[PDB]
file target21.pdb (PDB, C-alpha atoms and all ligand atoms)
ATOM      1  CA  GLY A 317       0.000   0.000   0.000
ATOM      2  CA  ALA A 318       0.728   3.681   0.007
ATOM      3  CA  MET A 319       3.485   5.416   1.961
ATOM      4  CA  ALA A 320       3.829   8.905   3.427
ATOM      5  CA  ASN A 321       7.323   9.375   2.030
ATOM      6  CA  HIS A 322      10.178   7.881  -0.002
ATOM      7  CA  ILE A 323      12.754   8.742   2.638
ATOM      8  CA  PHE A 324      12.565   7.575   6.229
ATOM      9  CA  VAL A 325      15.286   8.999   8.429
ATOM     10  CA  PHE A 326      16.850   6.905  11.190
ATOM     11  CA  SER A 327      19.182   7.968  13.952
ATOM     12  CA  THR A 328      21.607   5.310  15.166
ATOM     13  CA  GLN A 329      19.330   4.660  18.134
ATOM     14  CA  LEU A 330      16.228   4.342  15.995
ATOM     15  CA  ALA A 331      17.975   2.060  13.473
ATOM     16  CA  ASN A 332      19.251  -0.162  16.297
ATOM     17  CA  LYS A 333      15.774  -0.483  17.838
ATOM     18  CA  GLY A 334      14.136  -1.068  14.474
ATOM     19  CA  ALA A 335      16.581  -3.878  13.670
ATOM     20  CA  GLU A 336      15.800  -5.503  17.053
ATOM     21  CA  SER A 337      12.110  -5.317  16.097
ATOM     22  CA  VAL A 338      12.723  -7.143  12.832
ATOM     23  CA  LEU A 339      14.859  -9.862  14.416
ATOM     24  CA  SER A 340      12.145 -10.263  17.093
ATOM     25  CA  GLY A 341       9.604 -10.949  14.362
ATOM     26  CA  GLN A 342       7.502  -7.943  15.455
ATOM     27  CA  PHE A 343       7.961  -6.210  12.064
ATOM     28  CA  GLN A 344       9.097  -7.260   8.571
ATOM     29  CA  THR A 345      11.215  -4.193   7.823
ATOM     30  CA  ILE A 346      12.671  -1.248   9.699
ATOM     31  CA  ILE A 347      10.393   0.939   7.543
ATOM     32  CA  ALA A 348       7.332  -0.733   9.036
ATOM     33  CA  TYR A 349       8.800  -0.031  12.481
ATOM     34  CA  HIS A 350       9.452   3.614  11.602
ATOM     35  CA  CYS A 351       5.806   4.167  10.558
ATOM     36  CA  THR A 352       4.663   3.314  14.091
ATOM     37  CA  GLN A 353       6.934   5.897  15.864
TER
ATOM     38  CA  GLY B 743      37.698  15.551  -9.229
ATOM     39  CA  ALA B 744      40.554  15.950  -6.827
ATOM     40  CA  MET B 745      42.368  13.338  -4.779
ATOM     41  CA  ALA B 746      40.930  13.385  -1.291
ATOM     42  CA  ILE B 747      40.631  11.566   2.014
ATOM     43  CA  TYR B 748      37.213  11.487   3.707
ATOM     44  CA  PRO B 749      37.502  11.642   7.441
ATOM     45  CA  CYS B 750      35.040  10.060   9.884
ATOM     46  CA  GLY B 751      32.923  12.704  11.586
ATOM     47  CA  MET B 752      33.579  11.020  14.973
ATOM     48  CA  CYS B 753      37.174   9.804  15.015
ATOM     49  CA  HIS B 754      38.548  11.991  12.132
ATOM     50  CA  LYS B 755      40.435   9.074  10.601
ATOM     51  CA  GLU B 756      40.183   7.945   7.046
ATOM     52  CA  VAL B 757      37.019   6.223   5.805
ATOM     53  CA  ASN B 758      38.100   4.007   2.882
ATOM     54  CA  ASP B 759      36.498   1.621   0.477
ATOM     55  CA  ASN B 760      36.847  -1.450   2.738
ATOM     56  CA  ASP B 761      35.490   0.296   5.829
ATOM     57  CA  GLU B 762      31.925  -0.319   6.901
ATOM     58  CA  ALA B 763      30.513   3.178   6.784
ATOM     59  CA  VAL B 764      27.480   5.429   6.624
ATOM     60  CA  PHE B 765      26.931   8.920   5.342
ATOM     61  CA  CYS B 766      24.915  11.678   6.990
ATOM     62  CA  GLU B 767      22.544  13.060   4.359
ATOM     63  CA  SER B 768      20.824  15.544   6.760
ATOM     64  CA  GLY B 769      23.430  18.314   6.595
ATOM     65  CA  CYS B 770      26.927  17.750   7.991
ATOM     66  CA  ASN B 771      27.996  15.788   4.891
ATOM     67  CA  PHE B 772      30.391  13.568   6.830
ATOM     68  CA  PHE B 773      31.108   9.938   6.293
ATOM     69  CA  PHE B 774      31.352   7.892   9.516
ATOM     70  CA  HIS B 775      32.654   4.466  10.463
ATOM     71  CA  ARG B 776      29.726   2.271  11.477
ATOM     72  CA  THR B 777      31.517   1.362  14.647
ATOM     73  CA  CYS B 778      32.266   4.969  15.707
ATOM     74  CA  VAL B 779      28.557   5.887  15.700
ATOM     75  CA  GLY B 780      27.303   2.785  17.563
ATOM     76  CA  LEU B 781      25.351   1.122  14.775
ATOM     77  CA  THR B 782      24.892  -2.616  15.261
ATOM     78  CA  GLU B 783      25.863  -4.963  12.496
ATOM     79  CA  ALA B 784      22.198  -5.752  11.905
ATOM     80  CA  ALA B 785      21.043  -2.121  11.859
ATOM     81  CA  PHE B 786      23.799  -1.378   9.332
ATOM     82  CA  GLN B 787      22.708  -4.244   7.052
ATOM     83  CA  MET B 788      19.068  -3.213   7.255
ATOM     84  CA  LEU B 789      19.720   0.462   6.568
ATOM     85  CA  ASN B 790      21.827  -0.443   3.570
ATOM     86  CA  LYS B 791      19.320  -2.957   2.205
ATOM     87  CA  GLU B 792      16.226  -0.781   2.484
ATOM     88  CA  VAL B 793      16.109   1.664  -0.371
ATOM     89  CA  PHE B 794      13.570   3.855   1.499
ATOM     90  CA  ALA B 795      15.850   4.266   4.522
ATOM     91  CA  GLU B 796      18.446   6.946   5.250
ATOM     92  CA  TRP B 797      20.737   7.491   8.260
ATOM     93  CA  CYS B 798      21.415  10.700  10.247
ATOM     94  CA  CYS B 799      24.150  11.610  12.796
ATOM     95  CA  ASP B 800      23.284  12.721  16.346
ATOM     96  CA  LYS B 801      24.284  16.377  15.816
ATOM     97  CA  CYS B 802      22.086  16.762  12.710
ATOM     98  CA  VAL B 803      18.956  15.257  14.356
ATOM     99  CA  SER B 804      18.466  18.693  15.966
TER
HETATM  100 ZN    ZN C 901      35.515   6.799  12.824
HETATM  101 ZN    ZN C 902      25.266  15.051  10.182
END
call {"tool": "encode", "arguments": {"input": "target21.pdb", "output": "structure tokens"}}
result
Amino acid sequence: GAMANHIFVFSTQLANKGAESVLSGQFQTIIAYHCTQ
Amino acid sequence: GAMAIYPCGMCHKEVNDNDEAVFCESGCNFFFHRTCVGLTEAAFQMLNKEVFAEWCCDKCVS
């Protein structure tokens, strides 16, 4: 589906948490994680 | 072009073609060693792999 942007900006902290989320199975991509805050 | 060395924004040492590195696209225009900024190996792989994703240094965030 549709997305609010074509660039999602990650700080180191945010990228690290997002990657944890994906390895957990909670999300499929760090982009999905980003969209929920 | 001109022959140059691109220093890490953290440690100020050379970032070369076999370093694992990121680039701040939000303003400072510095390359950084992945290690110097605290990026996990997994976060680095996922940023690089996701075409919609972009990294930012701590100074440029605000
Ligand atoms: Zn460095
Ligand atoms: Zn920066």
call {"tool": "atom_distance", "arguments": {"input": "target21.pdb", "atom1": "CA of residue 346 in chain A", "atom2": "CA of residue 799 in chain B"}}
result
17.5 Å
call {"tool": "atom_distance", "arguments": {"input": "target21.pdb", "atom1": "CA of residue 328 in chain A", "atom2": "atom ZN of ligand ZN 901 (chain C)"}}
result
14.2 Å
call {"tool": "closest_residue", "arguments": {"input": "target21.pdb", "among": "B:773, B:792, B:779, B:766", "to": "ligand ZN 902 (chain C)", "atoms": "all atoms listed in the file"}}
result
B:766
call {"tool": "residues_around", "arguments": {"input": "target21.pdb", "residues": "residue 797 in chain B", "least_positions_apart": "3", "cutoff": "10 Å", "atoms": "only C-alpha atoms", "output": "list in words"}}
result
residues 323, 324, 325, 326, 327, 328, 330 and 331 of chain A; 764, 765, 766, 767, 768, 786, 789, 790 and 800 of chain B
call {"tool": "interface_residues", "arguments": {"input": "target21.pdb", "of": "chain B", "to": "chain A", "cutoff": "6 Å", "atoms": "only C-alpha atoms", "output": "ChimeraX atom specification"}}
result
/B:781,785,794-798
call {"tool": "residues_near_ligand", "arguments": {"input": "target21.pdb", "ligand": "ligand ZN 901 (chain C)", "cutoff": "12 Å", "atoms": "only C-alpha atoms and all ligand atoms", "output": "list in words"}}
result
residues 748, 749, 750, 751, 752, 753, 754, 755, 756, 757, 758, 761, 762, 763, 764, 765, 772, 773, 774, 775, 776, 777, 778, 779, 780 and 781 of chain B
call {"tool": "write_last_selection", "arguments": {"input": "target21.pdb", "atoms": "C-alpha atoms", "output": "short mmCIF file (atom, residue, chain, number, x, y, z; two decimals), in the coordinates of the input"}}
result
data_model
loop_
_atom_site.label_atom_id
_atom_site.label_comp_id
_atom_site.auth_asym_id
_atom_site.auth_seq_id
_atom_site.Cartn_x
_atom_site.Cartn_y
_atom_site.Cartn_z
CA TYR B 748 37.21 11.49 3.71
CA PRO B 749 37.50 11.64 7.44
CA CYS B 750 35.04 10.06 9.88
CA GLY B 751 32.92 12.70 11.59
CA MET B 752 33.58 11.02 14.97
CA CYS B 753 37.17 9.80 15.02
CA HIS B 754 38.55 11.99 12.13
CA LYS B 755 40.44 9.07 10.60
CA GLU B 756 40.18 7.94 7.05
CA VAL B 757 37.02 6.22 5.80
CA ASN B 758 38.10 4.01 2.88
CA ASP B 761 35.49 0.30 5.83
CA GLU B 762 31.92 -0.32 6.90
CA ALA B 763 30.51 3.18 6.78
CA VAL B 764 27.48 5.43 6.62
CA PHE B 765 26.93 8.92 5.34
CA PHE B 772 30.39 13.57 6.83
CA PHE B 773 31.11 9.94 6.29
CA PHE B 774 31.35 7.89 9.52
CA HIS B 775 32.65 4.47 10.46
CA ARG B 776 29.73 2.27 11.48
CA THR B 777 31.52 1.36 14.65
CA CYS B 778 32.27 4.97 15.71
CA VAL B 779 28.56 5.89 15.70
CA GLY B 780 27.30 2.78 17.56
CA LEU B 781 25.35 1.12 14.78
#
call {"tool": "axis_aligned_box", "arguments": {"input": "target21.pdb", "around": "range 338-344 of chain A", "padding_each_side": "8 Å", "output": "JSON"}}
result
{"center_x": 11.2, "center_y": -8.6, "center_z": 12.8, "size_x": 23.4, "size_y": 20.7, "size_z": 24.5}
call {"tool": "decode", "arguments": {"input": "target21.pdb", "residues": "range 765-797 of chain B", "atoms": "N, CA, C and O atoms", "output": "tab-separated table (two decimals), in the first residue's frame"}}
result
chain	number	residue	atom	x	y	z
B	765	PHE	N	26.76	7.55	5.76
B	765	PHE	CA	26.93	8.92	5.34
B	765	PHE	C	25.76	9.72	5.83
B	765	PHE	O	24.62	9.35	5.59
B	766	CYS	N	26.02	10.85	6.48
B	766	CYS	CA	24.91	11.68	6.99
B	766	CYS	C	24.38	12.56	5.88
B	766	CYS	O	25.08	13.44	5.37
B	767	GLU	N	23.15	12.31	5.47
B	767	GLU	CA	22.54	13.06	4.36
B	767	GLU	C	21.71	14.25	4.87
B	767	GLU	O	21.16	15.00	4.09
B	768	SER	N	21.65	14.45	6.19
B	768	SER	CA	20.82	15.54	6.76
B	768	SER	C	21.57	16.86	6.99
B	768	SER	O	20.99	17.76	7.56
B	769	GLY	N	22.82	17.00	6.55
B	769	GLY	CA	23.43	18.31	6.59
B	769	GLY	C	24.92	18.39	6.79
B	769	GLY	O	25.57	19.19	6.12
B	770	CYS	N	25.48	17.62	7.72
B	770	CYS	CA	26.93	17.75	7.99
B	770	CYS	C	27.81	17.23	6.84
B	770	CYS	O	28.97	17.64	6.72
B	771	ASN	N	27.26	16.35	6.01
B	771	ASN	CA	28.00	15.79	4.89
B	771	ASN	C	29.26	15.01	5.24
B	771	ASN	O	30.18	14.93	4.43
B	772	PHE	N	29.27	14.41	6.42
B	772	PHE	CA	30.39	13.57	6.83
B	772	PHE	C	30.10	12.09	6.61
B	772	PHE	O	28.97	11.65	6.81
B	773	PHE	N	31.12	11.37	6.18
B	773	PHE	CA	31.11	9.94	6.29
B	773	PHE	C	31.48	9.58	7.73
B	773	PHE	O	32.12	10.36	8.42
B	774	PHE	N	31.05	8.41	8.17
B	774	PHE	CA	31.35	7.89	9.52
B	774	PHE	C	31.57	6.39	9.46
B	774	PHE	O	30.91	5.71	8.68
B	775	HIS	N	32.51	5.89	10.27
B	775	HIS	CA	32.65	4.47	10.46
B	775	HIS	C	31.43	3.98	11.22
B	775	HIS	O	30.96	4.64	12.16
B	776	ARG	N	30.91	2.84	10.82
B	776	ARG	CA	29.73	2.27	11.48
B	776	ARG	C	29.94	2.11	12.99
B	776	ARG	O	29.11	2.44	13.84
B	777	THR	N	31.07	1.53	13.30
B	777	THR	CA	31.52	1.36	14.65
B	777	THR	C	31.59	2.62	15.53
B	777	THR	O	31.16	2.59	16.66
B	778	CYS	N	32.14	3.70	14.99
B	778	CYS	CA	32.27	4.97	15.71
B	778	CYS	C	30.92	5.57	16.11
B	778	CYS	O	30.88	6.34	17.06
B	779	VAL	N	29.84	5.26	15.40
B	779	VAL	CA	28.56	5.89	15.70
B	779	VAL	C	27.64	5.00	16.51
B	779	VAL	O	26.58	5.43	16.95
B	780	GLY	N	28.03	3.73	16.70
B	780	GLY	CA	27.30	2.78	17.56
B	780	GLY	C	26.22	1.97	16.88
B	780	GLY	O	25.30	1.47	17.52
B	781	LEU	N	26.33	1.83	15.57
B	781	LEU	CA	25.35	1.12	14.77
B	781	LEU	C	25.67	-0.36	14.88
B	781	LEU	O	26.82	-0.77	14.70
B	782	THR	N	24.67	-1.17	15.18
B	782	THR	CA	24.89	-2.62	15.26
B	782	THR	C	25.07	-3.15	13.88
B	782	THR	O	24.64	-2.56	12.93
B	783	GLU	N	25.67	-4.33	13.77
B	783	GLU	CA	25.86	-4.96	12.50
B	783	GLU	C	24.54	-5.17	11.75
B	783	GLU	O	24.47	-5.00	10.55
B	784	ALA	N	23.50	-5.52	12.49
B	784	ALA	CA	22.20	-5.75	11.91
B	784	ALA	C	21.54	-4.46	11.43
B	784	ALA	O	20.90	-4.43	10.36
B	785	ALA	N	21.61	-3.41	12.24
B	785	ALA	CA	21.04	-2.12	11.86
B	785	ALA	C	21.72	-1.60	10.59
B	785	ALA	O	21.08	-1.07	9.70
B	786	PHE	N	23.03	-1.77	10.50
B	786	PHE	CA	23.80	-1.38	9.33
B	786	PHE	C	23.35	-2.12	8.07
B	786	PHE	O	23.13	-1.49	7.03
B	787	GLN	N	23.15	-3.43	8.18
B	787	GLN	CA	22.71	-4.24	7.05
B	787	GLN	C	21.31	-3.88	6.60
B	787	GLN	O	21.04	-3.86	5.41
B	788	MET	N	20.45	-3.55	7.55
B	788	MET	CA	19.07	-3.21	7.26
B	788	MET	C	18.95	-1.82	6.69
B	788	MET	O	18.22	-1.62	5.72
B	789	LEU	N	19.69	-0.85	7.22
B	789	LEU	CA	19.72	0.46	6.57
B	789	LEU	C	20.20	0.35	5.12
B	789	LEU	O	19.58	0.87	4.23
B	790	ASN	N	21.30	-0.35	4.91
B	790	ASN	CA	21.83	-0.44	3.57
B	790	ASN	C	20.88	-1.14	2.57
B	790	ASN	O	20.91	-0.85	1.38
B	791	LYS	N	20.07	-2.04	3.06
B	791	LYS	CA	19.32	-2.96	2.20
B	791	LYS	C	18.00	-2.33	1.80
B	791	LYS	O	17.45	-2.66	0.78
B	792	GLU	N	17.52	-1.40	2.63
B	792	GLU	CA	16.23	-0.78	2.48
B	792	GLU	C	16.36	0.52	1.75
B	792	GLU	O	16.83	1.52	2.31
B	793	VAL	N	15.94	0.53	0.49
B	793	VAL	CA	16.11	1.66	-0.37
B	793	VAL	C	15.38	2.91	0.17
B	793	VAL	O	15.79	4.04	-0.12
B	794	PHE	N	14.31	2.72	0.92
B	794	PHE	CA	13.57	3.85	1.50
B	794	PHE	C	14.19	4.43	2.76
B	794	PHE	O	13.71	5.44	3.29
B	795	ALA	N	15.27	3.85	3.25
B	795	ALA	CA	15.85	4.27	4.52
B	795	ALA	C	17.08	5.13	4.35
B	795	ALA	O	17.82	4.98	3.41
B	796	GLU	N	17.31	6.03	5.28
B	796	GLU	CA	18.45	6.95	5.25
B	796	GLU	C	18.89	7.18	6.72
B	796	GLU	O	18.06	7.23	7.63
B	797	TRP	N	20.19	7.27	6.94
B	797	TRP	CA	20.74	7.49	8.26
B	797	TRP	C	21.09	8.98	8.52
B	797	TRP	O	21.34	9.75	7.60
